[PDB]
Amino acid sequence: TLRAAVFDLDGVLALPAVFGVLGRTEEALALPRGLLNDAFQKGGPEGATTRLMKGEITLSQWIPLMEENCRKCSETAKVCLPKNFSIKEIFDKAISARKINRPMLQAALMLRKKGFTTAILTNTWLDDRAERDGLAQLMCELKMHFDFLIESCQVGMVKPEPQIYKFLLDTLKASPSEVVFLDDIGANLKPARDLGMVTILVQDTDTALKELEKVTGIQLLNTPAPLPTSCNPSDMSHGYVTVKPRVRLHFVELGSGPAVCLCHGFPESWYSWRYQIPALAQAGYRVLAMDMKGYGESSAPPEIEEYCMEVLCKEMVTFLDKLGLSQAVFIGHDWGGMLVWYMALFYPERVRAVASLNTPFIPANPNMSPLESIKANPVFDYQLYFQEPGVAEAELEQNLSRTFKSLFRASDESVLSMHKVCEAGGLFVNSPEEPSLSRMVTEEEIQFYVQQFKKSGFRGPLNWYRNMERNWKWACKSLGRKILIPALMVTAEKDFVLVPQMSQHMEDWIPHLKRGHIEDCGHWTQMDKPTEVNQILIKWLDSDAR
């Protein structure tokens, strides 16, 4: 019975194969068929290419050796190589054109999700070319999805030498009959078969995956669309910045490029952005996913006034100062979305661009008390229930697992009616003791939130709602301003509190506002519709924040 799957890189996990560009070049330049492929393999196990593949020499040292082999091959074939013939140019173009074979990667992801140990076994080189970063990026993206990456140039062994196969088996800690081995080179497949491994000769991906699903008994072809890559908290880089004597802010950091600061809502975590963090980093951004003040590993002082927007915004500016960032793009959801609009209004020089999920920008009404304003909308009743210190803390902290399971539900699963909460005497008074698990979350993800909230509970988080008057007075100072930096508003069709229509007048304050809209999406945008959030945010970042 199979428990391990091994994939080659060239022509398997990455296409078009770098091999076959030698063939493609021969055709375009009308060179004798196989001339370049022959110069490539010249000298066989003692040749320059084997030395390269074993890590004896680097790719830049190999280039002139390949050029000498091409000359010797053309001389024997009694032909001439063109005037501007360059091995470097040919290989630069082939490497740059080779991209991840997405359905092969998805199949490897599914097998690993089912308990398989997965590995990449590849004949590759030490890349010291000026354009090596492209291949470094491809390898980084691919490797994270596998248990092991075995590279010929690092192990000093090459396929089809029998030793690399014994080395593979030793690293997998598996007997050969327990292994599926996928390769596009028949000669490299032979020693694995000889050892008793299941082998698949990959020509076209679909046929290879049909063979792969038949032998494993796992559906790999025609599957439902997978969710984006999530985060394993223990595999993240965790950052900590003291913004003032008693306040430290924690964040998770991934990627390179323009800084993108993600600001969660209530009662959430940096982890609410788990589906966005890998996607935004892969899109070419340096992601900083915060634990907002009062949450997770960030400090949670008890005083109400520590959570007014003016103080929270000043602390986020200090956070940027201490990290040495002149700007960040700020993306927020729920309370985080309110904070990001205030960052845009009060600190535009520090905000590269601003985006909000669900939370609209509604200017303060200077002729009405914020308390009156909340009372005017029945769906805001939960905010009145949150006012009295201790009442909501008691209900939310009583049973953490029940709190998160009752809250984190898709539009067609909810049991919480945020209107008439005060009258009912609680958020969960008509909710079960043991809620069913929403299709949006796993038991493990719920337990992560439970563990995070065991540190500080709900006082700090609820305090975000307890500064209405203070926030109103501060917001009134901005009533003559417009938001003129790049801005995105993302509405969720089925958020029954932060309804899309509440955003209808935003263009009066943000004339250049761009929009996104997610159908069949509830309040928990990031986890409800992660694929669609990622598509909207990446498209907007690439056009407006780059």
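Throughout, rigid core stands for the largest set of C-alpha atoms superposing within 1.5 Å between the two forms. For every residue, the number given is its place in the sequence shown, counted from 1.
- Farther on average from this form in 9 other deposited structures of this protein lies stretch 425-433, the comparison being between 265-273 and 425-433 by RMS Cα distance after core superposition.
- Farther on average from this form in 9 other deposited structures of this protein lies stretch 408-416, the comparison being between 408-416 and 180-188 by RMS Cα distance after core superposition.
- Between 371-379 and 224-232, the higher mean Cα B-factor belongs to 371-379.
- Looking at 175-183 and 276-284 together, the entry lists the larger mean B-factor for 175-183, computed on C-alpha atoms.
- Residue set 33, 482, 517, 477: peak C-alpha B-factor at 33 (per PDB entry).
- In the PDB entry, the Cα temperature factor peaks, among 310, 305, 128, 75, at 75.
- Annotation for residue 536: CA B-factor lies in the lowest third of the chain's modelled residues.
- Ranked within its chain, residue 412 lands in the highest third, by CA B factor from the PDB record.
- Ranked by C-alpha B-factor against the other modelled residues of its chain, residue 70 falls in the highest third.
- Among the modelled residues of its chain, residue 389 has a C-alpha B-factor that falls in the middle third, as given in the PDB entry.
- Ranked against the other modelled residues of its chain, the C-alpha B-factor of residue 395 as given in the entry falls in the middle third.
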